[PDB]
Amino acid sequence: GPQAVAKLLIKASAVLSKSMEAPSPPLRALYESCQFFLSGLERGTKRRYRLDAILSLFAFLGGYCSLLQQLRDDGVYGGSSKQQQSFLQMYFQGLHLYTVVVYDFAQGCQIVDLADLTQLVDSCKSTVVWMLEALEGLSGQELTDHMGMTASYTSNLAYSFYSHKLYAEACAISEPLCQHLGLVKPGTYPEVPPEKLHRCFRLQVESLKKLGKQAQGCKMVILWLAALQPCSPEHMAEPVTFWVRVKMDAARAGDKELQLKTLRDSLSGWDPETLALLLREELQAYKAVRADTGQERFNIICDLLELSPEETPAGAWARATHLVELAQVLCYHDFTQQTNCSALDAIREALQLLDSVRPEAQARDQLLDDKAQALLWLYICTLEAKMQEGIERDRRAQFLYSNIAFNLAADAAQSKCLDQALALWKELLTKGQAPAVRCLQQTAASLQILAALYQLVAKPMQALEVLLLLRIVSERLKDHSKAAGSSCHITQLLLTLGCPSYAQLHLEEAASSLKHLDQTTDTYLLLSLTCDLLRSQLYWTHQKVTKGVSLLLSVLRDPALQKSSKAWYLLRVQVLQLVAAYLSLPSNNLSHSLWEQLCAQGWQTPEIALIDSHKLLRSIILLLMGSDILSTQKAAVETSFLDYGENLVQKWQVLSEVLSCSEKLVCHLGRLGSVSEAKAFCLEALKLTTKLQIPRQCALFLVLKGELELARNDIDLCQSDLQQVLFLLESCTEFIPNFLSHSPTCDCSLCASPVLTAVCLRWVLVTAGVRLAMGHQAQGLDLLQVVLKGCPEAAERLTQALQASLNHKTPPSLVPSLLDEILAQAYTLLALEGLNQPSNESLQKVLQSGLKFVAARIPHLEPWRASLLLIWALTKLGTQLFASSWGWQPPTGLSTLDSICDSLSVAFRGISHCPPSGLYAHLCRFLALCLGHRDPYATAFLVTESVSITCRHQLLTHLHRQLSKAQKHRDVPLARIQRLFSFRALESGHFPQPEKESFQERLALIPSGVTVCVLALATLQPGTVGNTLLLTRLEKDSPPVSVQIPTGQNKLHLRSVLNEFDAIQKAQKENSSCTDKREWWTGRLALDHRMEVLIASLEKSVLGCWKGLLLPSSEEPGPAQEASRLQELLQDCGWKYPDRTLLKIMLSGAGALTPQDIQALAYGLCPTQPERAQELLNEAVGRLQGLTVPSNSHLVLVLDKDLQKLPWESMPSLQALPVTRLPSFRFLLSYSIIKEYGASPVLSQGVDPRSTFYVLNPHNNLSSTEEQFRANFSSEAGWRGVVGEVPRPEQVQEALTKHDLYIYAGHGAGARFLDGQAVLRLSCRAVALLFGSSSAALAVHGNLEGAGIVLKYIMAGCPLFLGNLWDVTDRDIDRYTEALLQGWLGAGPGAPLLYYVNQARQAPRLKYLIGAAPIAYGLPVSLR
Amino acid sequence: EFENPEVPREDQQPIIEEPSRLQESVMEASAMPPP
Ligand SMILES: [Zn+2]
């Protein structure tokens, strides 16, 4: 009660007043005071009081302590020192009570009450002073221990004030105690528990730290150092950490006075050994902290080196260690000028001193650790020098030469160093005893760096050994974060090698270690997400996709993944790689719902996710080490590395991950047929490997590049790359090729390394491909058998070596699945060669062996399984089995055809999600042949889905960037085009149900008055050109019409036409260099006549009667009625598959139906009664002659990689029609979508003739062209451009984007100043009139699809692209350009360009050699 | 008749996205306990 407490306080005050007036000893009062104290103790349970009450209690307590001291002083207790000691214990009891009261009041104290708490703090300071004053004179451990209890009580009260922000008051209370402890002599208080002293100093130091009195607090740290004078430096390791934190605050604030005061300057007279130990601890604490601490560490090492006496052997060891630290500092900072010694010189001197030192049988462990660290940092610094010299060499050069000069004795020497460091650390740590090192945290950090180095140089096994040692250290250190991280690293590495069981065990170990960590720290979130990612990967490997996808979706949806740290960025890379791994799976694996959920995250194609992973990795490289290691630009950037332990590991880890991601990108893109991008990534990786000087990765990427060059059919460059690989391998083993003919068990650098074995096997595979390409059979076959024999042996050696490394008893359940792709490719090549040789039964057995091999591994080796199924179907094929499935012919799985259809369906759904460019076309066209008119919609869909697949992949990737860049800036049309081009927009069902409704929707999207005709060649032996033409006509509100034209049985087959076209081009090349004028013109005339005959053959023999499937359908009802009658009338004459839509299209052109066409149509469509069918067809034509009238529509030609070369627009039937070309039907749909959303102004409004940019004679090689076009182009209104000079790229970008027309009269397609990437990086709003040579030509290299700049223009959104199909001369093309421009521009508004294109085709002298060259890509355009 | 020969119009002499800028590590808050 307040009044009651006041009355009690009044009683205490009155008692004190009476005691003051009491001269006679108040011994009885002291006894009464003890009773009052007892009452307070009983009330102490409650611990509730006001502030004046607490103040009055303090006053009464003061009198009690005074009486206790007075009694102790009085001879009564003066002689009875035990009574004086008991009096001291009584005062101590009062002190304990005071401490309890203060804690209770402080806890109850509110923010506002702090003012009274400050008054209480003043009393507490006086109490602490009284306690220390009483402590004075104490003798004996118990007396000093009692003094320690007084300090501990004060420390408890001090924390209360510290928490109450009364840091000044808290520091003041601690100051007296701390001052006494700081100024106390050594060994005065040996008993006092150090942690108690730490607590007391901690509060004051932190207070002095937070208050900003860092200077003042630093001095108390010296008193803190002085207080623990006899205490071991292990206790002193807390002041050291506190000190560096104090100095860091000065560094952040820019204060220099604190940095001036160092340890040698501070103590100035401690013993050299302890002073050096404290300097070492300070250096360790600095190396633990982040930010740039180069100069501070340099100063600490300088004083350490000064201390170490070189004459004394122990001083020699100390100097060796300090020289290692100095090498670490100099190895990333430009401090050589002050020290006049390079990092390499310091490390070599340190290594010499270490070799001189002999251990004392108790410091042998630290000797091992120091030698290992010195070797590792020697390697690191020499590698840094090599990288710097590589950057300088590439800067001066700013290829193919350094690539073969990597292996030098330096690599053997540089590596030996790393293996010696690993052996030393393994010897130190593998024994049971805990290593007796100074900082086991440095053994841990250096082991991490060594593992990163081993992974970077492509030695994963030694990295696994290092990580096991790191796990041992972390278990010994009782640090669970490091244990979990090391276990995650081991699991990821083991998954990369291909062993899932050991990965599962180490993932369980990681989770078990993860349970210990606090579930709030960021490290816990990192490790938990990493563990979930590894579990997702393991499920993906163990065919548990459903559960695995859920984990991935949980990982991706976790907001913690998008934090701003380098560890999170590295985690996201693996998330994207796992997304790619899941997206590479067929559709049968996961449900549609989960497929949509996975694709809704932002990545559609595996190549997209892998490219995003590559970009993130390079971004991390930029953030960590700058851009010198990636780009060789002169002084690109100079970001400091900022080495703080984790940065050093992350540098090497990111470099290794960039190399690995570049391998997956190259392999995946080359597998799909996209060889240009694959070569770009392969060359970027080779450049990186050249800078880093790593022969192993250079050999691997050189083999990949050789494979790509074989794919592009460039044997010379491929053989050059293979020779470089052979030199690198023969140098690596030293420091028919001889690396073959080895025992199944061997330990040569090549045999003990899985990476080198893979490189050798891939080399053998590519050499076999070259021999097969160069016509050398019986040798490529032998190399393929070598690969077949070698892959299982390498797998068994990898299994045995992993078993030896990880020390398990149970061998892995399955051999690592890392050479499965190589073996499957070898099987594919062997079966494909066996196709050519049906006589040899061995390859027939190889087909089945490969089929079992790929079927035993589902769904991993799906593309190779699809290839083997296609080859099996082709083998079962051997006038055809497809004749029964088509309505027109030239004039156990049930049956064979059904089994072929089932196998091809399995192959299709095995590759449909991410199809290779060639295999997809092969399967689609073969399946269309097998199906025919049995499933017309399926046949039409298959024929549509076999043209421009690489263009589809490139458009998907381009749409991702357009979406990513828009998201960065901030999309509906882009999403719709993505859905249109996606391989995963299908529903769930059996083939072809899902594929059909999709194609039916696409057909329903056709624009009105447009005919889409797809001309594809069916190939019965991949790598060749077939003689069967597949024609599919698509029109709105009309069922698709498909036909097959076998041209092989008759003379003049489509292959002969292609050969003649190639011969014409070759002869033109040769004739272009003739100096004579009378021979040049004769050759040109002969070639023109040959090409005219070729076009006539195209119209007459290649197509035949089926030339009317490309003409507009009649809008008059006559053909409809005639077809309606003739369907029923011809079903009786032997027409197996009646089609009204076919008859309607063919009869719409009854005027041009020659009697030979009618004869062929009747004799093929109705073979049982040919004469009668001919009679009815003739009667129908007679009724429809004249009655039909020409329509007004447009034709789009979709041709495969072999048919774009031929000039189809120049045929007599098509010479009076608007005909354009498009890569695919999906592109016409995309044009419709873009026009709907108003993103194509030219296709919507029209070309404005006042907006034209012209490039005329850039390099001044042509004078007739300039003299013919300069005045005409300049005189036009509103036309700008260049003439006589090359145009700047930012000019031509504006020309394409901000202009309606773009005329180019020069050499080629202008690729020198307008590359494909440049145009693809912008939106095309102009009609590109490229009048160069081969401007609209697609270069077909090998079996790859055609490549050219026209595809870039179309994917950029160009309305129409006009270009020449073959090389042209100058004067004739000048004539054609003049005619076209005059006719189109003088025709007034609303003039279609295609009509005048075909009209100006009659302008050149060589009508067919020059005029037939121009073609059109896109949609018709007209002026506004 | 035969005119002079005509000179040919032939010339006769994939981008890896530039690395993006990743944000720097977020300085994590540096815990004084009771007696
Ligand atoms: Zn060997």
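A short reminder: the numbers here are calculations on the coordinates, not readings from a lab. Quick reminder, even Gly has a Cβ in these numbers, built from the backbone with ideal geometry, and neighbours come from all protein chains shown.
When the C-alpha atoms of the range A:193-236 are aligned to their principal axes, what extent does each axis show, in angstrom, from largest down?
Sorted largest first, the three principal extents are 29, 16, 13 Å.
Which three numbers, in whole Å and largest first, are the semi-axes of the equivalent ellipsoid of the range A:1143-1294 derived from its Cα gyration tensor as √(5λ)?
48, 20, 17
Output ³J(HN,Hα) for the range A:1338-1347: one whole-Hz value per residue in order, computed from phi by the Karplus curve 6.51 cos²θ - 1.76 cosθ + 1.60 with θ = phi - 60°, and x for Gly and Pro.
Each residue of the range A:1338-1347 in turn: 9, 6, 9, 9, x, 7, 5, 5, x, 10 Hz.
How would you order A:615-626, A:1150-1161, A:861-872 from highest to lowest mean count of nearby Cβ atoms within 10 Å? Don't skip to the answer; put the middle values down first.
Values: A:615-626: 21.4, A:1150-1161: 16.7, A:861-872: 24.9.
Going from most to least packed, we get A:861-872, A:615-626, A:1150-1161.
Please compute the modelled spin-label separation between A:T1297 and A:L55, points set 7 Å along Cα→Cβ, answer in nm with one decimal.
Rounded to a tenth, the inter-label distance reads 7.7 nm.
If neighbour count is taken as other Cβ atoms inside 10 Å, put A:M220, A:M20, A:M1211 in order from fewest to most.
Ordered from fewest to most neighbouring Cβ atoms within 10 Å, A:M220, A:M20, A:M1211 come out as A:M20, A:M1211, A:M220.
Just for chain A, what percent of DSSP beta bridges are antiparallel, to the closest 5?
Beta bridges within chain A, antiparallel portion: roughly 45 percent.
Give, as a single signed number, the net charge of other residues whose beta carbon lies under 11 Å from the beta carbon of A:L517, with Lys and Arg counted +1 and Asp and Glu -1.
Here the charged neighbours net out to -1.
Starting from the Cα gyration tensor of the range A:714-787, take the square roots of the eigenvalues, sort them a ≥ b ≥ c, and report rounded, prolate or oblate (rounded when a/c is under 1.5, otherwise prolate if a/b is larger than b/c, else oblate). Intermediate results must be reported in sequence, preceding the final value.
Working: a/c = 2.53, a/b = 1.50, b/c = 1.69.
Note, shape of the range A:714-787 comes out oblate.
Taking 2.2 N^0.38 Å as the expected size of a compact globular protein, what ratio does the Cα radius of gyration of the range A:816-859 give against it, to two decimals?
Compared with the compact-globule rule of thumb, the range A:816-859 sits at 1.19.
FRET efficiency for A:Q1021 and A:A397, Cβ-Cβ distance as r, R0 = 56 Å, nearest 0.05?
Here the calculated transfer efficiency is 0.75.
Give me the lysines in straight-line cross-link reach of A:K1069: C-alpha distance below 18 Å, same-chain residues under 8 apart excluded.
Correct list for A:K1069: A:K1077, A:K1205.
Sort the following peptides by mean Cβ neighbour count (other Cβ atoms within 10 Å, averaged over residues), highest first: A:178-189, A:803-814.
Result, highest mean Cβ count within 10 Å first: A:178-189, A:803-814.
When we measure straight from the Cα of A:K789, which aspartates and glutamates land under 13 angstrom away, once same-chain ones fewer than 8 places off are left out?
Leaving aside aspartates and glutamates fewer than 8 places away in the same chain, those within reach of A:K789 are A:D820.
Please report, in debye to the nearest 20, how large the charge dipole of the range A:1240-1418 is about its Cα centre when each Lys and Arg carries +1 at its beta carbon and each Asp and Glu carries -1 there.
With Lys and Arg at +1 and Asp and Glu at -1, about 200 debye.
What translational diffusion coefficient, in µm²/s and rounded to a whole number, does the Stokes-Einstein relation yield for the protein assembly as shown at 20 °C and a viscosity of 1.002 mPa s, taking the hydrodynamic radius as the Kirkwood radius over Cα pairs? Don't jump to the answer; show the numbers that get you there.
Numbers: Rh = 38.7 Å.
Estimated via Stokes-Einstein, D reaches 55 µm²/s.
Quickly work out the A:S1264-to-A:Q179 label distance, labels modelled 7 Å from Cα along the C-beta direction, and quote it in nm with one decimal.
10.7
Count the net charge of all other residues whose Cβ sits under 14 Å from the Cβ of A:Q83, scoring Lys and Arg as +1 and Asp and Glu as -1.
Details: positive: A:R72, A:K82; negative: A:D73, A:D74.
Counting the neighbours of A:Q83, the net charge comes to 0.
Could you size up the charge dipole of the range A:20-69 around its Cα centre, putting +1 on the beta carbon of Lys and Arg and -1 on that of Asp and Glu, and report it in debye to the nearest 20?
It comes to approximately 320 debye.
Which shape class, rounded, prolate or oblate, goes with the range A:796-946 when its Cα gyration tensor gives a ≥ b ≥ c as root eigenvalues, a/c under 1.5 marks rounded, and past that a/b bigger than b/c marks prolate?
The shape class here is prolate.
To make sure I understand, if each residue's beta carbon is the centre and we count other beta carbons within 10 Å, what order do A:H516, A:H198 fall in, fewest to most?
The most exposed by this proxy come first: A:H516, A:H198.
Can you give the charge dipole size of the protein assembly as shown about its Cα centre, rounded to the nearest 20 debye, using +1 on the beta carbon of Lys and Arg and -1 on the beta carbon of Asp and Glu? It would help to have the intermediate numbers written out before the result.
On the way: 132 positive and 144 negative charges, 450 e Å.
With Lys and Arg at +1 and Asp and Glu at -1, about 2160 debye.
Hey, if you drop one equal point scatterer on each alpha-carbon of the range A:163-266 and run the Debye formula without solvent, what base-10 log of I(q)/I(0) do you get at q = 0.10, 0.20, 0.24 Å⁻¹?
-0.26, -1.01, -1.35
For a test of the definition: using alpha carbon positions, the gyration tensor, and the 1.5 limit on a/c, classify the range A:1240-1418 as rounded, prolate or oblate. Working shown, then result.
Values: a/c = 1.19, a/b = 1.05, b/c = 1.13.
Rounded, because the longest to shortest axis ratio a/c is under 1.5.
Using the Cβ atoms and a cut-off under 14 Å, what net charge is assigned to the surroundings of A:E1378, where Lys and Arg are +1 and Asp and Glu are -1?
In short, -1.
Please name which of A:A276, A:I900, A:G645 has its Cα lying farthest along the dipole of chain A towards the positive end, using unit charges on Cβ (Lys, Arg +1; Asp, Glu -1) and the Cα centre as origin.
Working it through, the farthest residue towards the positive pole turns out to be A:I900.
With point charges of +1 on the Cβ of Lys and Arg and -1 on the Cβ of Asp and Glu, referenced to the Cα centre of the range A:862-1055, which listed residue (A:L959, A:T944, A:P1022) lies farthest in the positive direction of the dipole?
It is A:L959, whose Cα lies furthest towards the positive end.
For the pair A:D522 and A:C34, what calculated FRET efficiency results from E = 1/(1 + (r/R0)^6), where r is the Cβ-Cβ distance and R0 = 56 Å, to the nearest 0.05?
It comes to 0.50.
Tell me which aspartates and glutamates have Cα within less than 19 Å of A:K18's Cα, excluding those fewer than 8 residues away on the same chain?
Of all the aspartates and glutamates, those that pass the test against A:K18 - Cα under 19 Å, at least 8 places apart if same chain - are A:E32.
In terms of the ratio Rg/(2.2 N^0.38 Å) built on C-alpha atoms, what value belongs to the range A:1113-1191?
Output field value: 0.99.
Greater than 25 Å separation of Cα atoms is the criterion. Which listed pairs, A:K1235/A:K1352; A:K563/A:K615; A:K247/A:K478, meet it? All intermediate terms of the calculation are to be shown ahead of the outcome.
Numbers: A:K1235/A:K1352 19 Å; A:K563/A:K615 18 Å; A:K247/A:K478 29 Å.
Beyond 25 Å: A:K247/A:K478.
Would you calculate, for the protein assembly as shown, the mean residue ellipticity at 222 nm contributed by helices, counting each DSSP H stretch of 4 or more residues as -39,500 (n - 2.57) and dividing by all residues, to the nearest 500?
-20500 deg cm²/dmol
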